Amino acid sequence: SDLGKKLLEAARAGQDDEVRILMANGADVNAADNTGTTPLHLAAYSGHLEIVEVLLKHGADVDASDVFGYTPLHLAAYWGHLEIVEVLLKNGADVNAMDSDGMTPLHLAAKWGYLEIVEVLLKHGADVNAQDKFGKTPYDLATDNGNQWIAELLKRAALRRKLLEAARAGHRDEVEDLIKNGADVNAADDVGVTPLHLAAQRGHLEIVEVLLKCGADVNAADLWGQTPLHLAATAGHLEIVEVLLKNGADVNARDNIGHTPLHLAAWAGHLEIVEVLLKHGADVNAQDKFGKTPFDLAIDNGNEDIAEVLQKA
């Protein structure tokens, strides 16, 4: 239609004021021309930030695919418009959308080497393992196009995400394999979680053993001060508690609240762990940020068989 063409033209031109008048007129936000291009596509490739904000407020299909399969995120990531990428993803943009050739927005950013864009794409869960039509991952495009650093960074981001998913699931053979291929055992996600954190919490004994021998920091602290020993106490994995303690796990390590692994073991109700913790020198007198001993937590939860052993002091 005519009004359709007006909005597409106004988007390419970047006339912020002209769009608002066009939106008040009820102009279809998802109107597409012959090529399937929408006003949101053009504003992204053009680089107009203010228009994208308004178009999304009016319910523009952020995952609209043109005849080639490109989406607004393809162009914004391709043309290096970081502000556009950041806002597009915030509004639910498909971070792993693929065009007719199987190329994700990460493939494009790796070709041109926009580091700052690749980081935000990875942070939002970009499939670095995604394969294009030509059997090339974004890491492959980073190397052929000469961006070797982003290739390394892409390689790293692949292994950590693969490694953490290997520990969480509980595949021993795979964890051993990835470390052979340069997987960083001390790799931590946005959450500060390491493969050891998940191997302990999830209860996979053999995986915990492997990671530790590869230099896994047993006292690794996530953003809440938690340690694999804290997680092993809450979950109640006795063998894991002993293993961590034998490899130098700080038995009086404190999370942000001040809980030791002893507080937590008394919280969930895992007696056998309380004994091992004390056997390895757990300060029974230690209090949390609110002055609560592991004893006070035991009586509050109504598991006095714990308090009885803590009454021993």
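Residue positions are given as counts along the sequence shown, with the first one as 1.
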{"query": "Between 286 to 294 and 12 to 20 (mean CA B-factor, as deposited), the higher", "finding": "12 to 20"}
{"query": "Of 255 to 263 and 59 to 67, the one with larger mean CA B-factor", "finding": "59 to 67"}
{"query": "249, 32, 278, 44, ranked by C-alpha B-factor: the highest one", "finding": "32"}
{"query": "Out of 227, 194, 129, 100, highest CA B-factor residue", "finding": "100"}
{"query": "Residue 133 CA temperature factor, ranked by third within the chain", "finding": "highest"}
{"query": "Residue 86 by Cα B-factor - lowest, middle or highest third of the modelled chain", "finding": "middle"}
{"query": "Third of chain Cα B-factors occupied by residue 147", "finding": "middle"}
{"query": "Assigned third (lowest, middle, highest) for the C-alpha B factor of residue 92", "finding": "highest"}
{"query": "Chain thirds of CA B-factor: placement of residue 27", "finding": "highest"}
